[PDB]
Amino acid sequence: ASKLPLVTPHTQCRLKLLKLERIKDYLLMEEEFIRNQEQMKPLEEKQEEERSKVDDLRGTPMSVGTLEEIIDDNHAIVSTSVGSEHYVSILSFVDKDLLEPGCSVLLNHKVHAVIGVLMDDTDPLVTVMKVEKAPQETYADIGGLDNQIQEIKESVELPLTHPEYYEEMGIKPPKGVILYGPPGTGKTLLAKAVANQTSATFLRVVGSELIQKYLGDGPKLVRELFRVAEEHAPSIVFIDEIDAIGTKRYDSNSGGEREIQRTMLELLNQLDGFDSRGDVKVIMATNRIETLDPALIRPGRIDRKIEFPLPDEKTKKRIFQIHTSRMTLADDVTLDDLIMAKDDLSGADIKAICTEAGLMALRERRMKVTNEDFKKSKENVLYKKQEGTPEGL
Amino acid sequence: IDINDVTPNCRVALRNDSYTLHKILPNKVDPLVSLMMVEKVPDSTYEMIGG
Amino acid sequence: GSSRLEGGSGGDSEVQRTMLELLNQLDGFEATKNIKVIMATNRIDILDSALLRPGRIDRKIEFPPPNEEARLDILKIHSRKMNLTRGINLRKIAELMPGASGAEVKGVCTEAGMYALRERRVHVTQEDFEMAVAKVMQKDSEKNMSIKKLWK
Amino acid sequence: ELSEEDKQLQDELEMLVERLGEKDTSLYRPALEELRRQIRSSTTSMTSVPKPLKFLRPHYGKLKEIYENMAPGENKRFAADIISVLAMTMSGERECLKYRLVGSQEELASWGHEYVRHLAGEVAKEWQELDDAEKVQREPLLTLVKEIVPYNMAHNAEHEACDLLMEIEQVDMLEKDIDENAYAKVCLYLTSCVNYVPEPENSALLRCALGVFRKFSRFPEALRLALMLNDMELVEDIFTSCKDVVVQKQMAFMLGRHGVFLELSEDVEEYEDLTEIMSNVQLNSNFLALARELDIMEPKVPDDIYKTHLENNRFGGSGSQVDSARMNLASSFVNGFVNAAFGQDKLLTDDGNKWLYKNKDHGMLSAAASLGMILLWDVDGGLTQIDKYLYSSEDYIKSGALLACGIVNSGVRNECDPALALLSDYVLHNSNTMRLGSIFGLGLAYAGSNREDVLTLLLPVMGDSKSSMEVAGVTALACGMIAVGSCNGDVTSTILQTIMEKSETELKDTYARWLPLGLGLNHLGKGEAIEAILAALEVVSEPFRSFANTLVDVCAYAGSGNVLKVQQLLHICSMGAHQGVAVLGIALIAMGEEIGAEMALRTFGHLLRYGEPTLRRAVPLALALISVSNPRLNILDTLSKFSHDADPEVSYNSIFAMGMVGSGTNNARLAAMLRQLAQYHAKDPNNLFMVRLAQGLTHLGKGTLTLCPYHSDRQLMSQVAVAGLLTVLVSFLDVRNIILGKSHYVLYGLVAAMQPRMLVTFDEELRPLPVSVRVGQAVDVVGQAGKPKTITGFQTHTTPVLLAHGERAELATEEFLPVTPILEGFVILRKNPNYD
Amino acid sequence: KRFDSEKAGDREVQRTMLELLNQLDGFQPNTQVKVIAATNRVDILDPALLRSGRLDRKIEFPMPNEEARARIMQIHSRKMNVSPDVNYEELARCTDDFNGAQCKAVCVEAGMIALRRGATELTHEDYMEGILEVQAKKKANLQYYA
Amino acid sequence: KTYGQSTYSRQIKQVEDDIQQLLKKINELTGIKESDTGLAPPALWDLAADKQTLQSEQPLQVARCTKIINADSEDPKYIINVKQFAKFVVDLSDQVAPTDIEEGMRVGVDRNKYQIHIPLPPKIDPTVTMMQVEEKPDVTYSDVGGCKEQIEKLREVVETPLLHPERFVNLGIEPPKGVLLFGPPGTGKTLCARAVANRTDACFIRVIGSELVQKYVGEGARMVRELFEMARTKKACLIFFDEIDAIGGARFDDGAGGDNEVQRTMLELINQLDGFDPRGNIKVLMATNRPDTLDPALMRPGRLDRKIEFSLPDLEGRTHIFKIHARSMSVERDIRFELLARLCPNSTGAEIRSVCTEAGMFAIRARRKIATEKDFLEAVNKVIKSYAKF
Ligand SMILES: Nc1ncnc2c1ncn2[C@@H]1O[C@H](COP(=O)(O)OP(=O)(O)OP(=O)(O)O)[C@@H](O)[C@H]1O
Ligand SMILES: Nc1ncnc2c1ncn2[C@@H]1O[C@H](COP(=O)(O)OP(=O)(O)OP(=O)(O)O)[C@@H](O)[C@H]1O
Ligand SMILES: [Mg+2]
């Protein structure tokens, strides 16, 4: 509560202890004196009747205007609802920490002098982007990464948990992490996990959702997205499928691609530009990364870059037992027989196989899922490969 | 007036010199969702939708 | 709907607030509640994808235009609450209406009733139905060829 | 899986509980060596209790048994060590220190920082528990700490190194291995932790820092520390030891600033220049150099400060009729303040007799002394100008001239004693006003010099018959200010004698409050050394006794921040006017560390919200004292609130306080507030007077003068300045009758604390040499890895810049290398050899 | 130019253009106000605006020729203290394809370089270094040309 | 428990905990209940419960904002347009002198006879006042290394002429007023701009090119015009356009209209810079990764007079940058920073700062508190080699 900063080494030390013991001891003297005074006299009556004088000054028909410019000197220009513009005096009881242009101010009826402010809605965009807890699962449902999860934890979680480590040595955390790899490999899932596990406000956006059909709306959207992230303490932003917005930036192009490039420039400035980004982190994903712009994924914008390989032989077993976890299976399930094949299966492919097998098991009324069903489902899912066989090989 | 009955989104009559809520005028609910229940949807089966 | 940030509103458009409330309500209740929300559309592609997520309305069903049996069935159901004469052969009426749609078979009913009314009677006749279906299908083909000419 | 494999590997030895016990030698060395390799190995991520340490937990008892009493050659040593390593998780007894006390003496670095820190903590605890009787048991501990400290220095861990070598109280050993690369950090921290620490330990820490700052031939910093300690002999050793002449110039400037003097022998090279510098004689030349460079010479008349035309002239005609005597006295004060030390003045110099004759009675006194204020620091021509007003018809004008000579001589030590030469005539004269002017000027003309001739002239008067309580009080003040911190016995003796000489009725007079002030003002800085006096004052009347005791207690522990005295005064508060001095003391004790000052602001806010009227009319002055020339927003708001107050005493005190807090700042916000505030109490004579005085103080000088007692990084506490501040503030405790009455000349007691705010850089030859200097707020860099930047919010100006409170100036370029690392006041520069 | 496109917005500019067209030469003849204009592209202006009644006299401004380049340089360097050795014919010849707004760069940058080298009066080499500055040319890491 | 972070961890934890408890206890013992009506701390209902509010409500009437439109005759007679209220022909109250009022300035008038009492500052789009810097960055010219000629030119064009006008005015040189900074991504453009903003002593404005595209036609030009009017009110100001390629696109109109409004805003900026209306004391900077796309009219002297090329730093600058960024570290004593400079081939400033931070990382993960050489070698490996293919 607006307490003093010790500004000793800030790391466990004897000076941090003595500057700390001192504030505690002063608070102790203050508390003792206050308790003595309260016992000696309640002062409830005196503290009261100040509310009465205030409410006397602010008449009953208080008017909700809209502040529009503070002259910096206990004066203001407050606009009444109709649209008129008055130049009123700011009184002494208004908490000035709450006065910024555009705030719904509470004016006097006969004199329009500012006498209070009101709260506003919390959903410019906060609700629509924040994801809350991930319905899928926690870190439990993710297996096989181990190293990647460790990287992300150090990049985004560890700087929140124990700042002392980074602080001790004078190095700030990395700026942003870009998750890149073949489709269906665990990018969005790991971001979801590090979101639902940490203690900041995690915001998610799709790149195609920044392609706007009015000019100068994409840049506005990105500017806002990075505007309500410093209003909210530590924050994380994850711009998924960025490829749809950040591309190689070929100049020989016509149409709305120019607007795409212009929003890309706005983002490129937000991440690392003139001003200090405050306390926010940026995660990104891209199935295809060779096509990003050099200035977006350059070192000071995205320090960490993470590859995401497919499950090889055993992570396949882990994922399979993760998705088959909740289903009654017959005692003939030759799971390895399904895994041993070097079919280059992907994680999303494993989920598809599990769901399809479960669904046909439901179709046949059978209380349990059989190995034959899983193999048939595997054949069916892989059926969505196509392409020209001899060609290219 | 006991404030418990001054719900949000309710019409009220305010006085002239010093606006003072001093009535709770009625409201029109206008149920728009209670006009489409069909019960069991009689005469609507798989049989007369042959094909 | 069709998106949550479409016109640059910032999620404050009414069309988007209704969708947000619908999403909140759909995520309100559990799968085991015997409350299934059937949703329909005449244009799938435009339809938003935030509805088709896991934990929401995923399963979809295609709908080809109805066949002869389906056409006859739909005509039967839509004419159900009309006065008819005897010996009315709806199968024949369908035969005289190949490659029609639901709205066409809905229009043929009202047209035929109104013609019967001009005849100054309480009942619709098979001859009246034939003439109505001829008119409705002729205007349908006229609309189709007008669209083709506009394309030309 | 990996878990199964690692568990099986750990079991490979865990199952063989006596693997070393088996007679076969193939399991003696290799197994224990492999275990040491595995445990000592590091892991990834945080991994609290790394996998080896976690895995060896259940194998704890057998781990001890295998050691027990086996062969002492190597197996026992290694087993003891590994037990010490795993002796961390259990978190029980001192098995770590016990087993490292008896085990292989392998290099600690092989174990890591974590264990070394834990073993350092255990060693500190054990030494604390260990009685001094077990001297032999301490030699292993001292070996361990001698090994530990270098590991802490080479691994950039100086703060904990000082901490550990403090817990075992051996802070004199730092010298023997400190090395160059890591001495700045250790001295910085060791000082920083020296005000918050109890009494006997603080001196030892300061000795250590001074010893090191010598060891590395860093002399001006050592002088800073020695004065801090307030030891004059160490100051001799520091000054004389140095052979470098320019460095001696620099020490001279610092010393002259402090207002402390050192009397060189006549054989020191260039003696005349050292003495000239240490006299602050040239200070006027530099002041006028700065004033010319900034082009701020033009005199400002009081109206320019008033800017009345801006305010809405609703009563431009027959407005409120305020007192003419009071308005013209205030105008004289503001004219003296605004032009102070610049020499010239549009009002007086052009025609001063008319302005003086606009004033009335005692206003002639303060009005004339305003002229001495105006020529301050200009002894040479000050007397040439003031000569006319010295010889006048009105006694008040003559005494004004006297107080003016006292002001002009102030702060600058001339060998010709014009002040003592002139003010000698009348000190015993009959006219109490003449005596008062003479004595106040003379005390302001030497305060802190501790001149024995002055003392042996002045001391009788407090015992004279023709000495009214005002004269007795003024005399006690003069002695206190001329014997600051000198523990001088004569002043104390005479003060006590006069204090016990007076009947109860006399003690009730407010001018008797000026005896305890003298007594406490003699002894500044010496806490716990006054208990004799506290016994000497136990024989005063109950109210006056409480007043004198409390006052001397607070005047003893100035610049301490002793929390126990804070608590005792607070206990007192929760009655007479004792409590007013208690309130002032709450701030006087805590005028040091920033932590103290802010927490005291909070305590004062609470004391105003809830409190009795006597409390309330003293909080403003303590708020003013706690922040002088430091107009912080919160003090300004919480003071302006009580300015527009029904309680008139509170109003006067708050208005004076807000005038001070802004002393010599030229704040636009504050000037606007005071203009509005004059608008409000336009019909109130006293409040309007306080307002006019505050408008002068805010524009003291023209932003080139600051009363703040502290200087040299807010660390060195000035005695003359604090003396003047106490003199002025205590008077206001009965503001109404003294200041808003016949006694306003006390307002010149601020002259003791007037210094400049310049930064004028000289070369080795004492010539101006402008250099680009970054100017901005300070940053504390205690125990921060590397050499992190030490300024924020910085703007790059040229050399002769004005440093407001908390503004630290650095050099923009490595072109010049300064002598003293405190780029404040006057500094010298030398060329860096390796500039490119 | 106007055109038939389904994209809106441009129509409003076209419409204020129609209004300007009408103001120049239309009903209610105006014979007291005259108009000027300037364009880098005349290939995109509407024929009804280049028409021979609204915008009658059209004037071309060519990239200055050698004599013009010397004249421009001389005009702009008139204030600076230049030495009596600069051959403005040379400086004109080594300034091919230099639009008039370019000596300003050359004249001024020559003064700037004179300041850099702590000079007082300009000399031919100062102007040459100015020219090499204004052209703004990059090297290819090698000079294989003979 | 844990491994044990520090010997005092538990003691500081305890003092913090009881600090929180004593703060909560005083909070309860003092009230201070949050008020939904925006009302100050009761100790700060101060002059507010009374004694200034009651003294400010009496003498300080409500003036009403009005926009003067004309000042006819020498005799004071002013046509003002009160917004959404009415339009009047009023006179001057005594407080304002006739010189203070001009046409087009917002003025305050009373509610009874509508006579003018106070002028007021003009109205500026909220989105055009934030681009002022307000708090200046701390980066300085020692933090930028390996770029010495470039920084010299920038300082001689944007910085030196303002500080010391007489040098240039004597000899008779009007200094260049624009700079185009171009070079590979992450070479030092925006940092040198930050340094210029920190050192300079005049108004500074940051405009992003992507901040001047607007939905409604003819808005961006208004924004630029307002920005230059504002910057021209000040005594001197610097504007630093970033990613100016955002709106400086080349003109290629053909067939169906494409990106034409951006072209109008670009023309408006062109005319503001160098054109009929004199440009006062303003200096402009621009930064682009792609300078070729900028149109032939902007890139011309008179608008962008200088062109500073930023090239990847040489070996000496490489070590210098390494050493600047490795300053506030807890690092070992002897590191052959020349070795580290050699070991990384052509690489930009961002590479090097990433190297420093990755070395700090490899120090942390090894649970060490002082950075050594091996840490930096591991850092260089993990930065250059591993992230080569991007
Ligand atoms: N190792 C894994 N553990 C658990 N689930 C996994 C794993 N790998 C893939 N999945 C499954 O992949 C599904 C797809 O979501 P995911 O977040 O992994 O996509 P993605 O890799 O970001 O895809 P895209 O590249 O298309 O953006 C998740 O529902 C999860 O069930
Ligand atoms: N010469 C340098 N000295 C110190 N740091 C540098 C240097 N060059 C680059 N950097 C680092 O590079 C980081 C990237 O920001 P910088 O301002 O250099 O980018 P930029 O060159 O403007 O890039 P862009 O072309 O993407 O706008 C800066 O934060 C700074 O830390
Ligand atoms: Mg993916």
# chains A, B, ... in the order shown; residues from 1 in each chain; ligands from 1

call {"tool": "residues_near_ligand", "arguments": {"ligand": "ligand 2", "cutoff": "8 Å", "atoms": "only C-alpha atoms and all ligand atoms", "output": "count of residues only"}}
result
46

call {"tool": "residues_around", "arguments": {"residues": "residue 89 of chain E", "least_positions_apart": "4", "cutoff": "10 Å", "atoms": "only C-alpha atoms", "output": "list in words"}}
result
residues 66, 67, 69, 70, 71, 93, 94 and 95 of chain E

call {"tool": "write_last_selection", "arguments": {"atoms": "N, CA and C atoms", "output": "short mmCIF file (atom, residue, chain, number, x, y, z; two decimals), in the first residue's frame"}}
result
data_model
loop_
_atom_site.label_atom_id
_atom_site.label_comp_id
_atom_site.auth_asym_id
_atom_site.auth_seq_id
_atom_site.Cartn_x
_atom_site.Cartn_y
_atom_site.Cartn_z
N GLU E 66 22.82 22.00 -68.61
CA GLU E 66 24.11 22.41 -68.06
C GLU E 66 24.11 23.87 -67.64
N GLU E 67 23.68 24.76 -68.54
CA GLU E 67 23.63 26.17 -68.20
C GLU E 67 22.72 26.39 -66.99
N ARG E 69 22.11 24.23 -64.60
CA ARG E 69 22.76 23.70 -63.41
C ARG E 69 23.76 24.70 -62.84
N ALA E 70 24.58 25.29 -63.71
CA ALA E 70 25.49 26.33 -63.24
C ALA E 70 24.72 27.49 -62.63
N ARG E 71 23.63 27.90 -63.28
CA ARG E 71 22.85 29.02 -62.76
C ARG E 71 22.28 28.72 -61.38
N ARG E 93 29.17 20.15 -65.32
CA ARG E 93 29.37 18.99 -66.17
C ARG E 93 29.40 17.72 -65.36
N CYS E 94 29.92 17.77 -64.14
CA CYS E 94 29.96 16.58 -63.30
C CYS E 94 28.68 16.40 -62.50
N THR E 95 27.59 17.01 -62.92
CA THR E 95 26.30 16.93 -62.25
C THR E 95 25.18 16.55 -63.22
#

call {"tool": "residues_near_ligand", "arguments": {"ligand": "ligand 3", "cutoff": "12 Å", "atoms": "only C-alpha atoms and all ligand atoms", "output": "JSON, numbers by chain"}}
result
{"A": [178, 179, 180, 181, 182, 183, 184, 185, 186, 187, 188, 189, 190, 191, 192, 240, 241, 242, 243, 284, 285, 286, 287, 288, 289, 307, 308, 309, 310, 346, 347, 348, 349]}

call {"tool": "write_last_selection", "arguments": {"atoms": "C-alpha atoms", "output": "short mmCIF file (atom, residue, chain, number, x, y, z; two decimals), in the first residue's frame"}}
result
data_model
loop_
_atom_site.label_atom_id
_atom_site.label_comp_id
_atom_site.auth_asym_id
_atom_site.auth_seq_id
_atom_site.Cartn_x
_atom_site.Cartn_y
_atom_site.Cartn_z
CA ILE A 178 8.67 -18.38 -31.76
CA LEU A 179 7.35 -21.93 -31.94
CA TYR A 180 8.00 -23.44 -35.37
CA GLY A 181 7.59 -26.93 -36.78
CA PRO A 182 5.61 -29.37 -38.92
CA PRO A 183 1.84 -29.21 -38.51
CA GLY A 184 0.35 -31.15 -35.66
CA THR A 185 3.31 -31.22 -33.30
CA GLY A 186 2.39 -29.48 -30.03
CA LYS A 187 2.88 -25.72 -30.43
CA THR A 188 -0.56 -24.37 -29.58
CA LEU A 189 -0.90 -27.00 -26.88
CA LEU A 190 2.31 -26.00 -25.12
CA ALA A 191 1.31 -22.35 -25.27
CA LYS A 192 -2.08 -23.26 -23.80
CA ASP A 240 -0.91 -18.11 -33.62
CA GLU A 241 -0.77 -18.84 -37.34
CA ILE A 242 1.29 -15.70 -37.79
CA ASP A 243 2.34 -16.93 -41.22
CA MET A 284 4.30 -16.92 -31.73
CA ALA A 285 3.59 -20.00 -33.79
CA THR A 286 4.08 -20.81 -37.45
CA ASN A 287 3.84 -24.13 -39.22
CA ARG A 288 5.88 -22.63 -42.08
CA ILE A 289 8.65 -20.34 -40.87
CA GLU A 307 11.88 -26.48 -33.29
CA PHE A 308 9.10 -29.04 -32.83
CA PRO A 309 9.87 -32.49 -34.28
CA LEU A 310 7.36 -35.26 -34.72
CA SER A 346 1.69 -36.74 -36.17
CA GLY A 347 0.23 -35.87 -32.79
CA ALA A 348 -3.01 -34.58 -34.25
CA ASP A 349 -3.07 -37.77 -36.30
#

call {"tool": "residues_around", "arguments": {"residues": "segment 211-226 of chain F", "least_positions_apart": "2", "cutoff": "8 Å", "atoms": "only C-alpha atoms", "output": "number ranges by chain"}}
result
A: 214-217, 219, 266; E: 9; F: 124-125, 128, 207-209, 228-230, 247, 261-262, 264-266, 268-269, 272

call {"tool": "interface_residues", "arguments": {"of": "chain A", "to": "chain B", "cutoff": "10 Å", "atoms": "only C-alpha atoms", "output": "ChimeraX atom specification"}}
result
/A:59-62,109

call {"tool": "write_last_selection", "arguments": {"atoms": "C-alpha atoms", "output": "PDB file, in the first residue's frame"}}
result
ATOM      1  CA  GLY A  59     -25.934  18.264  -4.643  1.00  0.00           C
ATOM      2  CA  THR A  60     -28.406  15.452  -5.172  1.00  0.00           C
ATOM      3  CA  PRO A  61     -28.777  15.700  -8.988  1.00  0.00           C
ATOM      4  CA  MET A  62     -25.136  14.957  -9.756  1.00  0.00           C
ATOM      5  CA  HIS A 109     -25.742  20.252 -11.439  1.00  0.00           C
TER       6      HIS A 109
END

call {"tool": "select_by_dssp", "arguments": {"residues": "segment 77-248 of chain A", "states": "alpha helix (DSSP H)", "output": "NGL selection string"}}
result
:A and (126-129 or 147-152 or 158-161 or 163-169 or 187-197 or 218-225)

call {"tool": "select_by_dssp", "arguments": {"residues": "segment 7-113 of chain A", "states": "strand (DSSP E)", "output": "number ranges by chain"}}
result
A: 63-64, 66-70, 75-79, 85-89, 105-107

call {"tool": "residues_around", "arguments": {"residues": "segment 359-371 of chain F", "least_positions_apart": "2", "cutoff": "8 Å", "atoms": "only C-alpha atoms", "output": "list in words"}}
result
residues 165, 166, 168, 169 and 171 of chain A; 42, 43, 44, 45, 46, 113, 155 and 156 of chain D; 329, 330, 331, 332, 355, 356, 357, 373, 375, 376, 377, 378, 379 and 380 of chain F

call {"tool": "write_last_selection", "arguments": {"atoms": "C-alpha atoms", "output": "mmCIF file, in the first residue's frame"}}
result
data_model
loop_
_atom_site.group_PDB
_atom_site.id
_atom_site.type_symbol
_atom_site.label_atom_id
_atom_site.label_comp_id
_atom_site.auth_asym_id
_atom_site.auth_seq_id
_atom_site.Cartn_x
_atom_site.Cartn_y
_atom_site.Cartn_z
ATOM 1 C CA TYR A 165 18.078 -15.425 -10.639
ATOM 2 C CA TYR A 166 17.983 -13.102 -13.657
ATOM 3 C CA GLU A 168 21.288 -11.240 -9.608
ATOM 4 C CA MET A 169 23.376 -11.198 -12.764
ATOM 5 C CA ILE A 171 20.425 -9.895 -17.573
ATOM 6 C CA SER D 42 24.784 -30.574 -11.786
ATOM 7 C CA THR D 43 21.332 -30.860 -13.350
ATOM 8 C CA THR D 44 19.015 -28.806 -15.570
ATOM 9 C CA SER D 45 16.391 -26.221 -14.658
ATOM 10 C CA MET D 46 15.720 -25.389 -11.011
ATOM 11 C CA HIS D 113 28.321 -21.748 -4.084
ATOM 12 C CA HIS D 155 32.810 -14.565 -7.238
ATOM 13 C CA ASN D 156 31.349 -11.052 -7.059
ATOM 14 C CA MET F 329 26.848 -8.240 -15.685
ATOM 15 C CA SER F 330 28.290 -10.268 -12.858
ATOM 16 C CA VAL F 331 30.984 -11.540 -15.200
ATOM 17 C CA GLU F 332 34.435 -13.057 -14.789
ATOM 18 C CA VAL F 355 24.861 -13.537 -27.235
ATOM 19 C CA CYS F 356 25.255 -11.734 -23.925
ATOM 20 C CA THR F 357 21.856 -12.862 -22.681
ATOM 21 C CA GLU F 373 34.397 -17.781 -20.826
ATOM 22 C CA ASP F 375 29.493 -19.539 -20.776
ATOM 23 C CA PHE F 376 30.176 -17.122 -23.635
ATOM 24 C CA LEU F 377 31.496 -19.820 -25.970
ATOM 25 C CA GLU F 378 28.367 -21.871 -25.313
ATOM 26 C CA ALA F 379 26.334 -18.719 -25.910
ATOM 27 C CA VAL F 380 27.980 -18.011 -29.267
#

call {"tool": "closest_atom_pairs", "arguments": {"of": "chain A", "to": "chain F", "cutoff": "6 Å", "atoms": "only C-alpha atoms", "output": "JSON lines"}}
result
{"residue": "A:24", "atom": "CA", "partner": "F:19", "partner_atom": "CA", "distance": 5.8}
{"residue": "A:50", "atom": "CA", "partner": "F:49", "partner_atom": "CA", "distance": 5.6}
{"residue": "A:53", "atom": "CA", "partner": "F:49", "partner_atom": "CA", "distance": 5.4}
{"residue": "A:54", "atom": "CA", "partner": "F:49", "partner_atom": "CA", "distance": 5.0}
{"residue": "A:84", "atom": "CA", "partner": "F:83", "partner_atom": "CA", "distance": 5.6}
{"residue": "A:85", "atom": "CA", "partner": "F:65", "partner_atom": "CA", "distance": 5.5}
{"residue": "A:86", "atom": "CA", "partner": "F:64", "partner_atom": "CA", "distance": 4.5}
{"residue": "A:87", "atom": "CA", "partner": "F:63", "partner_atom": "CA", "distance": 5.5}
{"residue": "A:88", "atom": "CA", "partner": "F:62", "partner_atom": "CA", "distance": 5.6}
{"residue": "A:91", "atom": "CA", "partner": "F:53", "partner_atom": "CA", "distance": 5.6}
{"residue": "A:92", "atom": "CA", "partner": "F:48", "partner_atom": "CA", "distance": 4.4}
{"residue": "A:93", "atom": "CA", "partner": "F:45", "partner_atom": "CA", "distance": 4.5}
{"residue": "A:94", "atom": "CA", "partner": "F:39", "partner_atom": "CA", "distance": 4.9}
{"residue": "A:95", "atom": "CA", "partner": "F:40", "partner_atom": "CA", "distance": 4.2}
{"residue": "A:116", "atom": "CA", "partner": "F:38", "partner_atom": "CA", "distance": 4.8}
{"residue": "A:117", "atom": "CA", "partner": "F:38", "partner_atom": "CA", "distance": 4.6}
{"residue": "A:118", "atom": "CA", "partner": "F:37", "partner_atom": "CA", "distance": 5.8}
{"residue": "A:169", "atom": "CA", "partner": "F:330", "partner_atom": "CA", "distance": 5.0}
{"residue": "A:170", "atom": "CA", "partner": "F:329", "partner_atom": "CA", "distance": 5.1}
{"residue": "A:215", "atom": "CA", "partner": "F:215", "partner_atom": "CA", "distance": 5.0}
{"residue": "A:216", "atom": "CA", "partner": "F:214", "partner_atom": "CA", "distance": 4.7}
{"residue": "A:262", "atom": "CA", "partner": "F:246", "partner_atom": "CA", "distance": 5.7}
{"residue": "A:266", "atom": "CA", "partner": "F:210", "partner_atom": "CA", "distance": 5.6}
{"residue": "A:295", "atom": "CA", "partner": "F:185", "partner_atom": "CA", "distance": 5.6}
{"residue": "A:299", "atom": "CA", "partner": "F:350", "partner_atom": "CA", "distance": 5.2}
{"residue": "A:300", "atom": "CA", "partner": "F:350", "partner_atom": "CA", "distance": 5.3}

call {"tool": "interface_residues", "arguments": {"of": "chain F", "to": "chain E", "cutoff": "7 Å", "atoms": "only C-alpha atoms", "output": "MDAnalysis selection string"}}
result
chainID F and resid 171:175 256 301 305

call {"tool": "write_last_selection", "arguments": {"atoms": "N, CA and C atoms", "output": "short mmCIF file (atom, residue, chain, number, x, y, z; two decimals), in the first residue's frame"}}
result
data_model
loop_
_atom_site.label_atom_id
_atom_site.label_comp_id
_atom_site.auth_asym_id
_atom_site.auth_seq_id
_atom_site.Cartn_x
_atom_site.Cartn_y
_atom_site.Cartn_z
N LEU F 171 29.08 31.42 -41.08
CA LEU F 171 29.53 30.99 -42.39
C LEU F 171 28.42 31.04 -43.43
N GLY F 172 27.17 30.97 -43.01
CA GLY F 172 26.05 31.06 -43.93
C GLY F 172 25.59 29.75 -44.52
N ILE F 173 25.46 28.71 -43.70
CA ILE F 173 24.98 27.41 -44.14
C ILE F 173 23.70 27.08 -43.39
N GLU F 174 22.64 26.81 -44.13
CA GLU F 174 21.42 26.28 -43.55
C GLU F 174 21.60 24.77 -43.47
N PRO F 175 21.67 24.18 -42.28
CA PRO F 175 22.05 22.79 -42.19
C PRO F 175 20.97 21.89 -42.77
N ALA F 256 -8.00 -0.56 -61.81
CA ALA F 256 -8.73 -0.46 -60.56
C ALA F 256 -7.87 0.21 -59.50
N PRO F 301 16.33 15.90 -52.09
CA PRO F 301 16.80 16.93 -51.16
C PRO F 301 15.81 18.07 -51.05
N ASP F 305 17.45 15.22 -46.78
CA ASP F 305 18.64 15.83 -47.36
C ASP F 305 19.85 14.91 -47.27
#

call {"tool": "atom_distance", "arguments": {"atom1": "atom CA of residue 285 of chain F", "atom2": "atom CA of residue 302 of chain F"}}
result
12.9 Å

call {"tool": "residues_around", "arguments": {"residues": "segment 22-35 of chain B", "least_positions_apart": "2", "cutoff": "9 Å", "atoms": "only C-alpha atoms", "output": "number ranges by chain"}}
result
B: 1, 5-6, 10-15, 19-20, 37-38
